[PDB]
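Below you will find one chain, with nothing else, as structure tokens; this is the form deposited in one PDB entry, and questions on how it binds or moves follow later.
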């Protein structure tokens, strides 16, 4: 409206047009508009941003500024009164493995990352934010309510820094603030390879023409690879236990070591690249470093898209899968592939799927050692428990044999995340992911629950009695309206997650609509979609159709007993078969005959 196109981060890219490979940045995917879907650009706005000043000031900033004539509730008070629970008994999903949760976070990390304004390296008003809880500029502290236990142990607030935005830092007053997506909008293994040139090259082994990703030179896993350490200090993975001095992993995505099961699936994905490369080199000995890397990178990209679109999305979206992600009818270069700002909140439905513990299992799928089961809060920024406690295999069997948390209207987010979250720089296991989510919704200028209901063609309840019938829950509706006063003011993260789940799904109608739309767009708007004619030969696709997470495990660990359907709740031994019974990835169609 104001500027036709704002852009002062980086301008310079020529598009190869004849390349059979993606760029690292996601530039040049869309031939007409080559910036579309590329990293370090604004998140898309499906609806106009909603700030108290119309431009940048979040709702909740100014004590005397209402939203529609009512004060917005403190994020931590919504967390305390709606999101928390004590009893972990009976909270588990009887039909989703823990891998279902974990694949969600992997997928999320491929698609979106809104970094905190890291501009300010002098910036020691961290102290002003952390120690003194003074709201100002990029410091937007989560203030504790009266009656919060954390007030007795942790001071007045949790520190919270506003997200980075385009055009960029110390802003103007022209059109509304847009937060940055720092990774590629394409489902493209950017979490393995990186979304920028510096990092992508750092991760590569350029010491041999084999197109390998670099691997740890200090630790191994029964001959099997770990990712390189991040050697930059301070290291949060070091902070959590000095004695071990085990740093964080270096992977394509900065968040890889945030929890031990994310690091685990990252390690599996890195292993797969090197596995693929080796079999491609064995198959095509001529192929130089670059062709090996790119052909393996391109295979890993397709694996992620198939597991996500064939196995994962149908058991998230349930009855809504067909209404939003119909069967694929080819690349449409008019679709916007960019991740939307709202999607980055809709996809945090995952937060309610995280259980309170993580288990290491032995070969008989029984407890591994005397501390087999660990509280999740001890596993934030934890790589030492991988290297110095049995490696990947015990944690992968836990992923198969243990269950996700089920979303529950009276048991939303485990206290492991809601009271004990560790944030790098902030020293304590004392943060609230639910409160952060709600504060972030306001930071990003999110429209409220009823704007999104209207967007999705759903009823917009105006009364307690109206909200009760949509939530199918009188008490939850009462607690939300006591805090928010009007359903128009409910933050999209809590409103979306409050809805009962669609038949055969794990999200309610509103999230199904938002996630459905976004996943439709990243498939239909991707020139390198695995099923787009010319990306892969017909034979290559017939082979790719047979990938599975079970096969990924079989090839990249010493786990020989796996389930056929790894996202279902599977119990050992009834639901487990030998790896020999699990279809393989036939790489024979990648045979290149130069004569």
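Residue numbers count along the first chain shown, from 1. Basically, rigid core = biggest C-alpha set you can superpose within 1.5 Å across the two forms.
FYI, the form deposited in another entry isn't displayed, but the following is about it.
Student: Which of these moves by 2 angstroms or more at the C-alpha between this form and the one not shown, core superposed: 134, 475, 119, 469?
Tutor: That would be 119.
Student: Would you say whether residue 173 is displaced between this form and the one not shown, judging by a C-alpha shift of 2 Å or more on the superposed rigid core?
Tutor: Yes, the C-alpha moves 2 Å or more.
Student: Comparing against this form, do residue 173 and residue 42 have their CA atoms pulled together or pushed apart in the other entry? The difference is 3 Å or more.
Tutor: Residue 173 and residue 42 sit closer together in the other entry.
Student: How does the C-alpha distance between residue 120 and residue 228 change in the other entry compared with the present structure, closer or farther, given a change of 3 angstroms or more?
Tutor: Between the C-alphas of residue 228 and residue 120, the gap narrows in the other entry (3 Å or more compared with this form).
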